[PDB]
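The structure appears right after this line, and notes come after that.
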Amino acid sequence: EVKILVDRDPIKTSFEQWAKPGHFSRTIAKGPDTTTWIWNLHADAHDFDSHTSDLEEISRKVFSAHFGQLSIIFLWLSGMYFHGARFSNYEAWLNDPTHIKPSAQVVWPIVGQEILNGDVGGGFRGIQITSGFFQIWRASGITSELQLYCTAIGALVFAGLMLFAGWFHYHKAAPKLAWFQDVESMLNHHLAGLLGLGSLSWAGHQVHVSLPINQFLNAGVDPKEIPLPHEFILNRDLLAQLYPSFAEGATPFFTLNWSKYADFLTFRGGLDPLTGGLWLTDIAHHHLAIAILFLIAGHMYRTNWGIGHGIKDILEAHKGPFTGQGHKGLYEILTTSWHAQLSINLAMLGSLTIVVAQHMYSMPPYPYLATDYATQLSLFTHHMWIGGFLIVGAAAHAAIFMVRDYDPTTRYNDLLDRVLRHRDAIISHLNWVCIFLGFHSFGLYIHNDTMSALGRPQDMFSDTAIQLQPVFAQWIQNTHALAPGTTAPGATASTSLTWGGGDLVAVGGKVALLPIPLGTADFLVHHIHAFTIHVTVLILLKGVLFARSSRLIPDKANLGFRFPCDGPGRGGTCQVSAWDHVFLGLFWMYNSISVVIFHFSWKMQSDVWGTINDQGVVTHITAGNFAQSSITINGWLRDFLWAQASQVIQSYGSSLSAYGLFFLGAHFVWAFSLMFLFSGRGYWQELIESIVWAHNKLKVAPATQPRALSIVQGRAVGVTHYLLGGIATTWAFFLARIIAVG
Amino acid sequence: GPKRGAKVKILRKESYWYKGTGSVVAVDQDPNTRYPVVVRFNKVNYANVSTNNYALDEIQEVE
Amino acid sequence: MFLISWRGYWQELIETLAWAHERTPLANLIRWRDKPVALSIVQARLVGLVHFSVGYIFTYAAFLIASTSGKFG
Amino acid sequence: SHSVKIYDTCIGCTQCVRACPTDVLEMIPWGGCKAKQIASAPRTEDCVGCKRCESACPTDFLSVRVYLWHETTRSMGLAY
Amino acid sequence: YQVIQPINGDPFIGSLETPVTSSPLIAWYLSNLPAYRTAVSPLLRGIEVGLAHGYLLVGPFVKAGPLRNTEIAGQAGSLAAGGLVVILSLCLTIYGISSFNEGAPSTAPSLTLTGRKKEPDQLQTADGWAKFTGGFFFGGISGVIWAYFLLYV
Amino acid sequence: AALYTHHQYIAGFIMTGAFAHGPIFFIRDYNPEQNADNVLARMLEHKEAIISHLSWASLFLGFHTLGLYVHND
Amino acid sequence: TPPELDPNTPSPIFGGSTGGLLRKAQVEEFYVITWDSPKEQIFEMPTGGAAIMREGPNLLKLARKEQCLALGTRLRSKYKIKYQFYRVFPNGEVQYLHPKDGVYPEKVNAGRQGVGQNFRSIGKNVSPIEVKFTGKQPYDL
Amino acid sequence: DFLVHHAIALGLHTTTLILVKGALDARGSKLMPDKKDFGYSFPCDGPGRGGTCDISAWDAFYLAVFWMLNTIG
Ligand code: CLA
Ligand code: CLA
Ligand code: CLA
Ligand code: CLA
Ligand code: CLA
Ligand SMILES: CC1=C(/C=C/C(C)=C/C=C/C(C)=C/C=C/C=C(C)/C=C/C=C(C)/C=C/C2=C(C)CCCC2(C)C)C(C)(C)CCC1
Ligand SMILES: CC1=C(/C=C/C(C)=C/C=C/C(C)=C/C=C/C=C(C)/C=C/C=C(C)/C=C/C2=C(C)CCCC2(C)C)C(C)(C)CCC1
Ligand SMILES: CC1=C(C/C=C(\C)CCC[C@H](C)CCC[C@H](C)CCCC(C)C)C(=O)c2ccccc2C1=O
Ligand code: SF4
Ligand code: SF4
């Protein structure tokens with residue numbers, strides 16, 4: 001019987017706990033004897049499992065926490081809209097999107113930083129933004145700064161509401177555990193109410209506000225001269241002038257004469273030639289269909305009426321000869337353990353962010369986006385990074401479940417057990433396939449470097465020597481290019497210009513998109529991707545599968561999820577914990593994503609982006625050198641890194657100088673991590689002994705005894721500074737490069 | 001030996017509080033006890049311990 | 001690599017590889033005389049430092065000689 | 001095998017013995033401390049050298065000490 | 001019914017019995033391989049193994065080698081294959097010298113799956129391994145020569 | 001250039017080695033009693049002073065050199 | 001007191017894994033742990049996976065002594081059940097290991113002679129130079 | 001020249017900090033008063049007492065090599 005369950009006033013609201021650091025932990029609440037205390041206070045702050053054993057209290061904590069997060073995000077959006085209204089060149093940009101650089105940040109004039117306010121156009125001086133907000137705002141039909149202001153106020157209000165909701169649902173009316181456990185209902189409401197009504201109502205805004213205003217903008221009429229959005233709702237005559245379907249109102253909808261609505265609900269595909277973005281009509285139709293799909297999907301699970309599936313039933317129905325009991329027991333696991341859920345959701349959300357990156361490069365959804373190379377590069381890189389991080393997190397919390405929540409005596413599952421019983425085979429096979437992949441991908445590169453160095457280019461792996469064609473990908477390309485004529489008749493063009501066949505979409509003299517050629521170089525990089533991903537998976541999966549025990553450490557589970565080791569014995573057992581596997585997996589994720597974004601950058605600058613001359617002459621940014629240059633490590637070293645770092649290294653004395661500063665700073669932080677990664681806390685402790693002596697000599701030794709960081713924190717600081725450094729380096733490199741030569 | 005609550009200097013070289021001062025808690029009268037002098041310290045060691053046993057020749061009553 | 005990743009990870013990995021070898025037919029006929037284990041902690045530090053130093057020296061030597069002799073001042 | 005030694009600063013809290021994962025240490029009668037007992041290491045052939053015992057010892061300095069010595073198949077924690 | 005069972009009924013031996021490991025087709029296949037002819041002279045086994053391996057070895061050397069696009073492709077590739085045959089024979093030889101003492105008996109299993117006693121494979125002896133290596137060399141070179149003949153004569 | 005770089009790196013390694021056989025002496029050979037109150041034992045006496053002052057020097061130089069460079073940049 | 005005898009008692013219910021014995025059990029040594037369970041119940045295997053201990057006598061062969069003491073520790077701590085374990089050599093010989101004298105090593109028991117006990121504080125160890133060119137270590141005195 | 005010379009000063013002082021500290025604490029420290037009983041080179045002393053990675057004099061050398069390479073760099 002699914003219903004609203006809530007406890008009234010579980011926790012009194014008082015600043016008393018604010019004045020007592022570490023209140024959540026009986027150990028930390030006692031106070032500091034050494035400095036280590038401090039770090040612990042922050043490390044275990046959000047580890048609610050180590051706070052209480054009660055699943056209910058934890059669930060409440062996470063719920064209000066989520067409200068806090070949403071509040072923060074609303075405040076963030078509020079900031080973006082407000083800065084877009086008060087400190088930007090957005091209207092000017094609307095007047096001329098093809099020759100004005102998007103800027104929504106200005107700096108104050110002190111210590112010379114005024115130079116950062118550069119000539120972005122529109123009679124405005126500031127920092128060029130690469131978030132892509134301007135194209136969103138144009139797509140939403142926003143024309144004035146006033147509307148941006150109003151959206152900012154709305155977002156601020158929503159921030160207040162989310163914060164209050166957090167306080168309310170923690171201190172005043174806190175849901176019961178059964179409420180959180182109503183997964184059938186939660187799934188129904190999230191499928192139908194969130195996504196369904198979300199894309200439905202959004203389709204509403206698109207059909208009533210986006211389409212008309214954008215039609216006007218594309219027509220060329222001055223934005224101020226364009227009718228306000230509410231008028232298109234009040235006066236249906238305007239929409240009728242733009243799309244005659246509205247003359248018949250909602251009649252063809254109910255009478256099933258949907259063909260009449262082909263004016264604003266299309267299925268053309270490809271890109272709009274005068275904007276370089278997907279057709280907004282296609283987008284509106286897309287959101288309508290999606291809305292229907294999710295709406296019907298949200299009626300799958302049984303709640304307070306007979307109809308509907310039971311999750312446990314569907315799970316217990318799937319069991320084979322190879323797997324025995326199958327998915328039985330998983331419902332209980334996934335309705336009592338937050339870490340399992342977090343694992344699944346992190347893996348899938350990360351993967352989703354990755355697919356978002358790819359789909360947004362290859363099918364530009366916003367007007368004047370494809371030709372804003374800075375924005376595209378930025379979006380791709382950003383979402384790729386977010387994805388990778390979320391995935392590593394999925395590994396972490398999978399392992400955390402494996403150590404803290406797994407209990408085969410009370411919550412047994414056959415699949416998990418069987419996985420555990422042949423983990424050696426799984427990990428060994430992953431190992432082998434990783435070595436094979438490494439050899440047969442990187443080894444090709446080294447082979448090429450050697451042959452090239454020895455004066456034997458005819459012995460290389462390339463398109464002009466020993467060819468390794470991506471036949472399968474080429475076939476998929478051709479198939480997807482010929483699809484509109486055969487297997488998708490209702491579609492006018494392809495879903496993306498990047499497919500093997502097609503024309504070329506250009507906007508304002510710049511290339512928006514064109515068919516992307518795939519050769520030996522692409523085979524090579526793709527197999528590098530497969531390799532790096534496989535290694536990352538090797539590390540993480542090994543980490544979670546051996547989190548509880550191994551032949552080396554039979555009782556590793558009792559040591560916890562996060563611990564440095566089990567001593568120098570057994571030959572040495574450093575980094576045996578699953579946490580340390582998350583730690584190594586982070587480095588490998590960094591590696592993989594780095595080579596991925598380099599792949600994207602070089603390929604785009606070489607074979608896609610660039611200017612287009614009259615009669616159809618396309619001049620790319622790096623003139624198609626990829627196919628010949630990316631086949632050796634030296635090519636990446638010289639033609640990519642060395643050649644393209646030019647913009648960042650000579651950005652001094654201009655508006656892009658901050659990128660030079662960040663280039664150097666990031667290199668510095670990266671190197672700085674190596675001190676932590678390469679060393680150990682014993683040395684630091686003894687050094688600290690000497691320094692402490694010096695402080696005692698002058699009566700200035702603190703009561704909170706100065707301690708070297710723990711082994712684990714040394715590792716965490718190490719990997720954190722390593723990632724921050726490397727990623728920020730590629731950040732500065734990318735942005736300076738693409739902003740200067742774009 | 002020294003009295004209870006007596007401030008003593010540590011003479012055991014391998015002690016965390018070597019050359020430092022602590023307070024006497026109790027002295028074992030059993031002559032078989034090799035380290036009778038129970039001492040407590042103001043600061044904990046690397047093992048989070050604030051108390052330790054010493055012998056008669058490992059403490060020096062000072063003030 | 002040798003400087004950042006430490007022993008236990010590799011030891012367990014190698015354990016799974018040992019199982020792998022003892023359970024692979026044909027290859028089963030071949031067996032090691034010295035049990036495969038991960039390098040020791042100190043050994044790891046030394047080997048890592050060695051790769052680091054060699055890389056350091058060789059890289060800077062190549063740059064020095066090439067940049068200088070490429071133009072000869 | 002590794003070497004394990006007990007020193008007379010031992011106060012017989014037995015923490016090290018119940019910390020060993022391979023049953024190397026044990027408690028024997030003694031008169032040097034109030035607990036009437038002291039630690040002992042009769043089975044160092046099974047010692048792996050993890051040093052959990054040393055991490056369990058309260059005394060300052062340690063009353064149990066592990067000197068990693070000659071390396072054997074048992075001390076390497078091998079199962080193959 | 002279930003597909004995966006403990007190895008030979010023993011659930012505490014570090015393996016599992018799957019269609020890949022133990023099914024009639026694969027079992028028959030492996031048991032008929034020269035390596036598992038546990039009751040025959042290791043010499044003949046060596047001849048077969050070396051023959052097959054040298055024969056396959058001729059392929060990739062000829063087509064992928066540095067002289068693949070020259071009139072002297074077959075000679076070069078086959079020679080290289082013979083070279084690898086020699087090197088691998090050297091490897092096999094030192095493996096035999098290092099692993100087996102002339103006095104030491106067979107290290108091969110002396111039991112079957114059923115649990116009955118049987119004569120240990122003489123492949124796991126010094127003399128037996130030496131014979132196997134001789135067979136790998138003879139058969140290896142012979143296989144290289146034969147493949148080269150079929151390919152270029 | 002080759003000669004200068006060569007001899008400076010050789011000199012560096014040789015120096016680290018000097019300071020490496022320094023403590024090997026302190027561990028394997030040094031006899032505290034036979035060195036009672038001499039310059040060496042007295043050296044071990046105020047070790048904290050030596051180490052802490054080296055620490056101060058390094059700290060100062062680092063803060064100010066990095067600081068001045070970053071300033072100029 | 002005489003050590004416990006080692007008969008052929010039934011093994012726990014388990015589908016088998018890849019974490020069990022290897023060649024080391026055949027050529028060097030393996031181990032055997034026995035216990036007496038009040039009922040049929042699930043326990044986690046030291047080598048990974050879940051097994052069912054039967055009621056009465058149970059005998060499990062493991063690859064390492066550490067695995068044995070681990071499992072035994074989990075038995076005594078979680079299931080409140082006494083355990084023993086032995087080492088077994090390929091020739092057939094069995095060596096009784098734990099608990100050695102019938103009493104857990106945590107609690108004192110008369111009869112045990114000291115091994116490796118130095119009657120001196122740890123700081124009073126001689127410097128390495130005192131033992132140079134001898135076979136002795138400063139902690140062997 | 002001034003700036004880079006002070007960088008060199010930083011390098012020398014820091015490298016000597018590592019090496020000297022490693023030499024003087026080679027016999028022992030408060031974290032490990034009996035270090036001399038373990039020798040010049042050993043893995044560590046274990047995760048106990050807060051953790052003792054890179055506590056041997058050999059490890060001090062190993063750390064110092066990075067700073068020498070940096071300095072001569
Ligand atoms: C994440 C969102 C975000 C970010 C990164 C920024 C960033 C910026 N804003 Mg924007 N802003 C935002 C949201 C954001 N804003 C929102 C939602 C609004 C609408 C209210 C604004 C309205 C706004 C205006 C009107 C201006 C800016 C300006 C700026 C710039 C200078 C900031 C400054 O120096 O403040 C001033 C610095 C301080 C106030 C420092 C005081 C910090 C105190 C001492 C900390 C005390 C700690 C305590 C716990 C915090 C208070 C808690 C409180 C509950 C009591 C900077 C780029 C300026 C600008 O861009 O000029 C060209 C500017 O004029 N912002
Ligand atoms: C506004 C009045 C108010 C007061 C007096 C309290 C008081 C309390 N809360 Mg409550 N709560 C409130 C509002 C309030 N809350 C709101 C608005 C929310 C929704 C977020 C919550 C949700 C909540 C949860 C889930 C929990 C509490 C808990 C508590 C108790 C301990 C928390 C603590 O002391 O750490 C004080 C925390 C801070 C001072 C840090 C604030 C962290 C902010 C909000 C995160 C965002 C910072 C952001 C990342 C900025 C970083 C910038 C940059 C440096 C990176 C204490 C009685 C805890 C409890 O009862 O434990 C048994 C507990 O678990 N509260
Ligand atoms: C889906 C979101 C999500 C949520 C809710 C959690 C929640 C949790 N994680 Mg998980 N995790 C996630 C994603 C998430 N994680 C991701 C994406 C990764 C990959 C990096 C991980 C990898 C991971 C590890 C390895 C561990 C956790 C742990 C935890 C638990 C304790 C967290 C804590 O208290 O730290 C307090 C929060 C902080 C200390 C924040 C500081 C983090 C760094 C310093 C900030 C980075 C700098 C920033 C980018 C820029 C700085 C700019 C300027 C300030 C210099 C908590 C249940 C820990 C645990 O024990 O679980 C039981 C744990 O050991 N997580
Ligand atoms: C790791 C990737 C890789 C690959 C695929 C190649 C491939 C090649 N190299 Mg290159 N090489 C590499 C890395 C690689 N190299 C690196 C890293 C370097 C720098 C050290 C070099 C330096 C180098 C030089 C100097 C030369 C080559 C040459 C060659 C060519 C001839 C090689 C040869 O004769 O071997 C013989 C080939 C084999 C023995 C094949 C064995 C593998 C088979 C397929 C295993 C089959 C297993 C089976 C599928 C499993 C199931 C069994 C079941 C069916 C029964 C060949 C195209 C030569 C050339 O001129 O190229 C044009 C040459 O002169 N390489
Ligand atoms: C480029 C990377 C890098 C940097 C900057 C350092 C820096 C340092 N190391 Mg070295 N170290 C490194 C790599 C690095 N290391 C590597 C790869 C190894 C091999 C493992 C070592 C091994 C090592 C050893 C063995 C020792 C050192 C020591 C030192 C310190 C020497 C004294 C000094 O110069 O103080 C100047 C301080 C700095 C240069 C640090 C910068 C401080 C910044 C500029 C101030 C704050 C800026 C700003 C306000 C911060 C905002 C951040 C925000 C998030 C709040 C110095 C902090 C020695 C030491 O600790 O002596 C006391 C020492 O004994 N390191
Ligand atoms: C952007 C943004 C924002 C804003 C937002 C908005 C503005 C929203 C809106 C929203 C909306 C405005 C929504 C709406 C919705 C509606 C709906 C969802 C409706 C539905 C309906 C229906 C579904 C119907 C049905 C029916 C039919 C069809 C017939 C029969 C009868 C009935 C009636 C049942 C904020 C500030 C937050 C923040 C920042 C960002
Ligand atoms: C200016 C001038 C001059 C003068 C000069 C001089 C006088 C110089 C000096 C210099 C010097 C004066 C230098 C020094 C250096 C030193 C060093 C470099 C040291 C090192 C040390 C060590 C290495 C140590 C070792 C050890 C240890 C650690 C332990 C104990 C033992 C031993 C000792 C072994 C003249 C007039 C002539 C000319 C004009 C100009
Ligand atoms: C450098 C380094 C340290 C030393 C780093 C430390 C001790 C970090 C602490 C440094 C900060 C600056 C101390 C905290 C300062 C206080 C907050 C006081 C602030 C004073 C105001 C002026 C800001 C380790 O402890 C360590 C441990 C394990 C492996 C590697 C390493 C490692 O590489
Ligand atoms: S982590 Fe530090 S302490 Fe733990 S084992 Fe590796 S080295 Fe020894
Ligand atoms: S080291 Fe580990 S194993 Fe050896 S004795 Fe101390 S605890 Fe037992």
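Note on naming: chains are A, B, ... as they come in the structure tokens, residues start from 1 per chain, ligands start from 1 in the order shown.
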
**Study point:** 7 Å shell around ligand 10 using only C-alpha atoms and all ligand atoms, listed as JSON, numbers by chain
**Key:** {"D": [4, 16, 19, 20, 21, 22, 23, 24, 25, 44, 47, 48, 49, 50, 51, 52, 53, 54, 66]}

Residues within 7 Å of stretch 78-83 of chain G, only C-alpha atoms, excluding chain neighbours under 6 positions, as a PDB file with N, CA and C atoms, in the first residue's frame:
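Okay, this is what ended up in around_29.pdb:
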ATOM      1  N   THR G  34      38.997 -28.149  10.678  1.00  0.00           N
ATOM      2  CA  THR G  34      37.789 -28.862  11.080  1.00  0.00           C
ATOM      3  C   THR G  34      37.006 -28.112  12.150  1.00  0.00           C
ATOM      4  N   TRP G  35      35.681 -28.215  12.088  1.00  0.00           N
ATOM      5  CA  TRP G  35      34.826 -27.576  13.090  1.00  0.00           C
ATOM      6  C   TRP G  35      33.512 -28.327  13.279  1.00  0.00           C
ATOM      7  N   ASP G  36      32.785 -28.032  14.352  1.00  0.00           N
ATOM      8  CA  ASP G  36      31.518 -28.717  14.607  1.00  0.00           C
ATOM      9  C   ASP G  36      30.362 -27.725  14.698  1.00  0.00           C
ATOM     10  N   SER G  37      29.494 -27.738  13.690  1.00  0.00           N
ATOM     11  CA  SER G  37      28.409 -26.763  13.602  1.00  0.00           C
ATOM     12  C   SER G  37      27.079 -27.280  14.147  1.00  0.00           C
ATOM     13  N   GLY G  72      38.610 -19.705  10.713  1.00  0.00           N
ATOM     14  CA  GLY G  72      38.412 -20.084  12.099  1.00  0.00           C
ATOM     15  C   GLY G  72      38.039 -18.898  12.967  1.00  0.00           C
TER      16      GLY G  72
END

Check your understanding: Residues at most 6 Å from ligand 6, using only C-alpha atoms and all ligand atoms? Could they come as a VMD selection string?
Key -> chain A and resid 151 154 to 155 197 201

N, CA and C atoms of the current selection, written as a PDB file, in the first residue's frame:
ATOM      1  N   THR A 151      14.541  35.280 -15.506  1.00  0.00           N
ATOM      2  CA  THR A 151      14.944  33.890 -15.337  1.00  0.00           C
ATOM      3  C   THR A 151      15.911  33.753 -14.161  1.00  0.00           C
ATOM      4  N   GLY A 154      13.873  33.938 -11.010  1.00  0.00           N
ATOM      5  CA  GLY A 154      13.201  32.659 -10.881  1.00  0.00           C
ATOM      6  C   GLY A 154      14.119  31.593 -10.315  1.00  0.00           C
ATOM      7  N   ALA A 155      15.334  31.525 -10.849  1.00  0.00           N
ATOM      8  CA  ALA A 155      16.315  30.543 -10.398  1.00  0.00           C
ATOM      9  C   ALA A 155      16.729  30.784  -8.947  1.00  0.00           C
ATOM     10  N   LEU A 197       6.546  14.651 -18.454  1.00  0.00           N
ATOM     11  CA  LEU A 197       5.959  15.985 -18.391  1.00  0.00           C
ATOM     12  C   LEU A 197       7.008  17.058 -18.644  1.00  0.00           C
ATOM     13  N   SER A 201       6.095  19.556 -21.571  1.00  0.00           N
ATOM     14  CA  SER A 201       5.989  20.990 -21.345  1.00  0.00           C
ATOM     15  C   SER A 201       7.081  21.759 -22.089  1.00  0.00           C
TER      16      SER A 201
END

Exercise for review: Determine which residues of stretch 56-124 of chain G DSSP labels as helix (DSSP H, G or I) from the backbone of this structure, then write them out as a count of residues only.
Suggested key: 17

Point to revise | Site check for ligand 8: residues at most 9 Å away, only C-alpha atoms and all ligand atoms, as a PyMOL selection string | key: (chain A and resi 35+38+672-685+688+706-715+717-718) or (chain H and resi 51+53-54)

Export N, CA, C and O atoms of the chosen residues as a short mmCIF file (atom, residue, chain, number, x, y, z; two decimals), in the first residue's frame?
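Final output, saved to part_9.cif:
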data_model
loop_
_atom_site.label_atom_id
_atom_site.label_comp_id
_atom_site.auth_asym_id
_atom_site.auth_seq_id
_atom_site.Cartn_x
_atom_site.Cartn_y
_atom_site.Cartn_z
N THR A 35 47.09 16.92 14.42
CA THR A 35 46.49 17.65 13.31
C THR A 35 45.66 16.74 12.41
O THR A 35 44.77 17.21 11.70
N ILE A 38 41.85 17.12 12.04
CA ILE A 38 41.33 18.08 11.07
C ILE A 38 40.94 17.39 9.77
O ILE A 38 39.78 17.44 9.35
N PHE A 672 53.84 19.21 -8.77
CA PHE A 672 53.74 19.30 -7.32
C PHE A 672 53.10 18.05 -6.72
O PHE A 672 53.42 17.66 -5.61
N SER A 673 52.20 17.43 -7.48
CA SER A 673 51.57 16.19 -7.02
C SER A 673 52.58 15.05 -6.90
O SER A 673 52.43 14.14 -6.08
N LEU A 674 53.61 15.10 -7.74
CA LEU A 674 54.59 14.03 -7.82
C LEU A 674 55.37 13.88 -6.51
O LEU A 674 55.84 12.79 -6.20
N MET A 675 55.49 14.97 -5.76
CA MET A 675 56.15 14.92 -4.46
C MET A 675 55.40 13.99 -3.51
O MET A 675 56.01 13.20 -2.78
N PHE A 676 54.07 14.08 -3.55
CA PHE A 676 53.21 13.26 -2.72
C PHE A 676 53.14 11.84 -3.24
O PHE A 676 53.16 10.88 -2.46
N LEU A 677 53.06 11.69 -4.56
CA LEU A 677 52.92 10.37 -5.16
C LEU A 677 54.19 9.51 -5.06
O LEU A 677 54.11 8.29 -4.91
N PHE A 678 55.36 10.15 -5.13
CA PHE A 678 56.62 9.41 -5.17
C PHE A 678 57.22 9.16 -3.78
O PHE A 678 58.16 8.38 -3.65
N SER A 679 56.69 9.83 -2.76
CA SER A 679 57.30 9.75 -1.43
C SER A 679 56.46 8.99 -0.41
O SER A 679 55.47 8.34 -0.76
N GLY A 680 56.86 9.08 0.85
CA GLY A 680 56.17 8.41 1.94
C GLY A 680 56.24 9.21 3.22
O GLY A 680 57.17 10.00 3.42
N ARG A 681 55.28 9.00 4.11
CA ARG A 681 55.08 9.87 5.27
C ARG A 681 56.11 9.74 6.40
O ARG A 681 56.12 10.56 7.31
N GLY A 682 56.95 8.71 6.35
CA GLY A 682 57.97 8.54 7.37
C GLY A 682 59.00 9.66 7.35
O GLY A 682 59.29 10.28 8.39
N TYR A 683 59.54 9.91 6.17
CA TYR A 683 60.47 11.01 5.94
C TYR A 683 59.89 12.32 6.45
O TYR A 683 60.54 13.07 7.20
N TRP A 684 58.66 12.59 6.03
CA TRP A 684 58.00 13.84 6.37
C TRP A 684 57.77 13.96 7.87
O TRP A 684 57.89 15.04 8.44
N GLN A 685 57.47 12.83 8.50
CA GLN A 685 57.30 12.81 9.94
C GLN A 685 58.59 13.16 10.68
O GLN A 685 58.57 13.92 11.64
N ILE A 688 59.40 16.78 10.20
CA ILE A 688 58.49 17.45 11.12
C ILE A 688 58.98 17.37 12.57
O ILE A 688 58.78 18.30 13.33
N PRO A 706 51.66 18.65 15.20
CA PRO A 706 51.88 18.58 13.76
C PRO A 706 52.23 17.17 13.31
O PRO A 706 53.21 16.59 13.77
N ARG A 707 51.40 16.62 12.43
CA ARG A 707 51.56 15.25 11.97
C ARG A 707 51.66 15.22 10.45
O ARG A 707 51.03 16.03 9.76
N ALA A 708 52.46 14.30 9.92
CA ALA A 708 52.51 14.12 8.48
C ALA A 708 51.18 13.52 8.05
O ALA A 708 50.51 12.85 8.84
N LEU A 709 50.78 13.79 6.81
CA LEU A 709 49.54 13.25 6.26
C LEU A 709 49.57 11.73 6.30
O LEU A 709 50.64 11.13 6.24
N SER A 710 48.40 11.11 6.40
CA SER A 710 48.34 9.65 6.35
C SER A 710 48.74 9.19 4.96
O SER A 710 48.72 9.97 4.01
N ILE A 711 49.10 7.91 4.85
CA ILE A 711 49.45 7.30 3.58
C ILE A 711 48.35 7.53 2.55
O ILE A 711 48.60 8.02 1.44
N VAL A 712 47.12 7.19 2.94
CA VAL A 712 45.97 7.36 2.08
C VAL A 712 45.78 8.81 1.65
O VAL A 712 45.60 9.07 0.46
N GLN A 713 45.85 9.75 2.59
CA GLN A 713 45.69 11.16 2.22
C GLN A 713 46.82 11.64 1.33
O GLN A 713 46.62 12.51 0.49
N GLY A 714 48.02 11.09 1.52
CA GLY A 714 49.13 11.39 0.65
C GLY A 714 48.77 10.99 -0.76
O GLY A 714 49.00 11.74 -1.72
N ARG A 715 48.18 9.81 -0.90
CA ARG A 715 47.74 9.33 -2.20
C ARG A 715 46.63 10.19 -2.80
O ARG A 715 46.65 10.50 -3.99
N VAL A 717 45.79 13.42 -2.08
CA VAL A 717 46.36 14.71 -2.44
C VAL A 717 47.16 14.59 -3.73
O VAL A 717 47.04 15.42 -4.64
N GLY A 718 47.98 13.54 -3.80
CA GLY A 718 48.74 13.26 -5.00
C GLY A 718 47.88 13.20 -6.25
O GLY A 718 48.06 13.98 -7.18
N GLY H 51 51.97 5.29 10.21
CA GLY H 51 52.48 4.95 8.90
C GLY H 51 53.93 5.36 8.71
O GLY H 51 54.32 6.47 9.08
N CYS H 53 56.10 4.87 5.64
CA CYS H 53 56.63 4.74 4.28
C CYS H 53 57.85 5.63 4.11
O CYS H 53 57.90 6.72 4.67
N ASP H 54 58.82 5.16 3.32
CA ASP H 54 60.02 5.93 3.00
C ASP H 54 60.72 6.48 4.24
O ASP H 54 61.01 7.67 4.32
#

Review point. Excluding same-chain residues fewer than 4 positions from stretch 479-490 of chain A, what lies within 10 Å of it counting only C-alpha atoms, as a count of residues only?
Key: 17

Review point. Which residues of chain H are close to chain F, meaning at most 9 Å apart when you count only C-alpha atoms, and how do they look as a PyMOL selection string?
Key: chain H and resi 3-4+6-7+9-27+35-37+39-40+57-58+60-61+64-65+68-69+71-73

Point to revise | Shell of 9 Å around ligand 3 (only C-alpha atoms and all ligand atoms), written as number ranges by chain | key: A: 39, 41-50, 62, 65-66, 338-339, 342-343, 345-346, 349-350, 386-397, 400-401, 404, 561-562, 578-583, 586, 716-717, 720-721, 723-724

Practice item. Per DSSP on the backbone, filter chain B down to the residues in strand (DSSP E or B) and report them as JSON, numbers by chain. Key: {"B": [7, 8, 9, 10, 21, 22, 23, 24, 25, 26, 27, 37, 38, 39, 40, 51, 52, 53, 54, 59, 60, 61]}
